[PDB]
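In what follows, every chain begins at residue 1, and chains take the letters A, B, ... in the order their sequences are listed. Keep in mind that the numbers below use all heavy atoms, side chains included, and drop hydrogens, waters and symmetry copies.
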Amino acid sequence: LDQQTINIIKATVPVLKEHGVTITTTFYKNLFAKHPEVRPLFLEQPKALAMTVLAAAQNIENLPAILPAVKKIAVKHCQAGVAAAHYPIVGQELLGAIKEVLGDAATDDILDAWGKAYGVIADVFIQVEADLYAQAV
Amino acid sequence: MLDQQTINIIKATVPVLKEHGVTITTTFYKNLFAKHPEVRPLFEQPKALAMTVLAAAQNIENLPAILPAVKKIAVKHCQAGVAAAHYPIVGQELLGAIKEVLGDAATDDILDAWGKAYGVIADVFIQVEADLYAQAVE
Ligand code: HEM
Ligand code: HEM
């Protein structure tokens, strides 16, 4: 990640958190409508994805700080059947939500920095889970 | 965070440092123990430091790939009494060794990039170990 990227992330995350309810609801709505194939893996509706990504993003410069959380989430993802190829899909629907919320602030550079950040974050869960799947055998 | 020229220097030069491994490792431990006798007790001689840092450095763009190893080394470090403030000293002596081997190739930008890389690497261990020290008290 280049610094302008990190700068965008650091500066905008608080705006996204402000609109959390909206990003979260829009995300899950679109995820499930556009990708019914993931429905089976999941008042008890999931809610934590988008805010967790925001939280990691907030920690983008020191991801090892959030390992204790990442590790336990990894355990549930490996239990549920989450695959590496699922990540780009969740990323797309998350970015679409960030896009709707930022509205006119939704610069391509900004959107592009969010794409990059999610990737980096997703890269951590993907490797940790690969490692846990291997340990299981 | 780490810029490309730095990642570039690391990726390009690690293979050269690994070729001189025996020399960096032996210069490193010798200097460490001679210059910082206070750490002696925490440690049939250790040998894995410098080569492990090189390996991590080689994985500089995807540090999560080496977590299974980092996690296990963390456990031994917390068992031994390793502290965050120890990191800068191990870094100083690793850097002086790198400098000796690179000889005339030891440019300031090269030494600087290694300094930065060591920093990033150490921060991972420092953070996992802090988390493990807490986990021991709850
Ligand atoms: C970096 C990206 C992701 C983050 C930050 C993340 C975050 C989380 C969190 C915080 C939880 C709940 C943990 C709990 O409290 O036990 C969770 C559960 C879950 N996540 Fe993710 N996740 C990510 C990627 C994905 C992907 C790519 C999928 C694939 C569909 C997915 C599917 C699931 C499922 C199926 C569960 C358990 C759900 C349930 O039984 O309701 N996640 N995730
Ligand atoms: C990022 C830097 C570091 C790396 C890559 C690293 C790597 C390692 C490795 C691979 C081991 C052996 C683990 C085993 O095979 O169980 C080890 C053990 C050890 N390291 Fe580190 N270490 C680092 C930093 C430090 C620091 C800052 C100190 C403090 C002086 C230190 C002191 C120790 C000690 C005391 C042990 C155990 C030795 C024994 O078993 O007698 N390490 N380290």
Answer with yes or no whether the hydrophobic clustering places A:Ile89 together with A:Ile121; edges join I, L, V, M, F, W, Y residues whose side-chain heavy atoms lie under 4.5 Å apart.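 Cluster IDs for A:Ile89 and A:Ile121 match.
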Is there a chain of hydrophobic side chains (I, L, V, M, F, W, Y, each step under 4.5 Å between heavy atoms) that links B:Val75 to B:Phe43?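 No, separate clusters.
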Heavy-atom contacts under 4.5 Å, residues 128-137 of chain A to chain B: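 Heavy-atom contacts from residues 128-137 of chain A to chain B are A:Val128, A:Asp131.
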Considering heavy atoms only, which positions within residues 17-29 of chain A lie below 4.5 Å of chain B?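 When heavy atoms of chain B are the reference, residues 17-29 of chain A contributes no residue within the under-4.5 Å range.
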Which atom names give the shortest non-hydrogen contact between B:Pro64 and A:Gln127, and what distance separates them?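 Heavy atoms only, the tightest pair is CB-CB, 4.3 Å.
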Neighbour count >12 (heavy atoms, 6.0 Å) for atom CD, A:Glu37: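 Above 12, so yes.
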How long is the straight-line distance from CG of B:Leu63 back to CG of A:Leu63, given to the nearest 0.5 Å?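 Reported value, rounded in 0.5 Å steps: 10.5 Å.
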